[PDB]
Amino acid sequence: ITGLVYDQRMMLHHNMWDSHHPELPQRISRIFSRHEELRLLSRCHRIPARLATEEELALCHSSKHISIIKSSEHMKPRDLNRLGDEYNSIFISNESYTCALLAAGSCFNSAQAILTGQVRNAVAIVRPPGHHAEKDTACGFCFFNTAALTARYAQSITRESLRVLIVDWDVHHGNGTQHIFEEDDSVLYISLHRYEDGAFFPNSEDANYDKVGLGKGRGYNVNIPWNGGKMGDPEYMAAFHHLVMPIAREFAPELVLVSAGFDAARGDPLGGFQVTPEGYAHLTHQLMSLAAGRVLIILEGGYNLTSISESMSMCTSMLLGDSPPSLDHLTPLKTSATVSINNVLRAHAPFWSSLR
């Protein structure tokens, strides 16, 4: 059984000044429509959405940050515009806080259904995204770090040391998710992202391969940074074969969370990459071999409505047990991609004997 959560109330979050801003309300409604259109929806068990509580938000976020975003619910447009412009790439409406609560709570229920065995796996069609949100601030269309919160929520209903793998294949680095767990060895963060030597958003060298985690978390933060332009299925398949899967198998996670941005997809207006829907299917299908299939796919970015609808639908098809579609002939890896993969291997072979 595959769970699915979608609540159109999360469309209420909108940009009052720029109705064509790429983080559109119809992102989640188009993904949902494509599931119904491919007759995938009726094959899933519907999981209800709910508001995350403030105590649940406190699992990852400061009390100050919670109260600021919470206060935006009663703000006038002038206060909303000014508050949004205080962050890096944030727009806010009076419904933003509620929708971020719904995004988190949707994933809490989905992780709860997985960990209790109600469903084998699940998909969360939610917005606003989360992986850029930090402990104490919002960033890059994200208010609260949904994936990070779900990992802590999972631990709170099982045991504190539950091994949670977070795979972040959104094209941008999840700076918030990395920082939140950087000193933690119970949550293994693996991110593939366009980096361009720090030039690509979020424009920090924190996303480079040499950031392996700190303290107890040393070795439990894996950055796979792409440099030198367009990447696609050949590069992502290789990164999974050489890095993501062997590290994940050695970590032996008890729950797998996918920060599933689809802005690395062919056709995305911001990513500039060419990962295909079949590619995302194969990536999903491989992660399903971990944690006894307990995988939760959480929507992050991705802004070509057609690309993200086909891509995420193909992921759900894999969760439902369908056989992987056929990849195109995988071209030779771009030379810069082999350099990136080798750099990560050298950085993490000390901590992961499966890489030696």
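Think of the rigid core as the biggest set of C-alphas that the two forms share within 1.5 Å after superposition. Numbers follow the displayed sequence, beginning with 1.
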### Which of 228-236 and 101-109 lies farther from this form in 9 other deposited structures of this protein, as RMS of C-alpha positions after a rigid core fit
228-236
#### Entry: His329 left out of the model in a third or more of other PDB entries
yes
### Summary
Higher avg CA temperature factor (280-288 vs 87-95, as deposited) belongs to 87-95
### Query
Is the mean CA B factor in the deposited entry higher across 245-253 or across 229-237?
229-237
### Highest-ranked of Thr306, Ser326, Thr331, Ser313 once sorted by CA temperature factor in the record
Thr331
### Query
At the C-alpha atoms, which of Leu101, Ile224, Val119, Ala260 reaches the highest B-factor in this entry?
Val119
## Note on the structure
Of the three thirds of Cα B-factor ranks in this chain, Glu37 occupies the middle
### Task
Taking the chain's C-alpha temperature factors as the reference, tell me which third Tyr209 falls into: lowest, middle or highest.
lowest
### Task
Taking the values exactly as deposited, rank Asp268 by C-alpha B-factor within its chain and report the matching third: lowest, middle or highest.
middle
### Task
Check where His179 lands among this chain's C-alpha B-factors and tell me if it's the lowest, middle or highest third.
middle
### Query
Of the three thirds of its chain by CA temperature factor, lowest, middle or highest, which one includes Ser317?
lowest
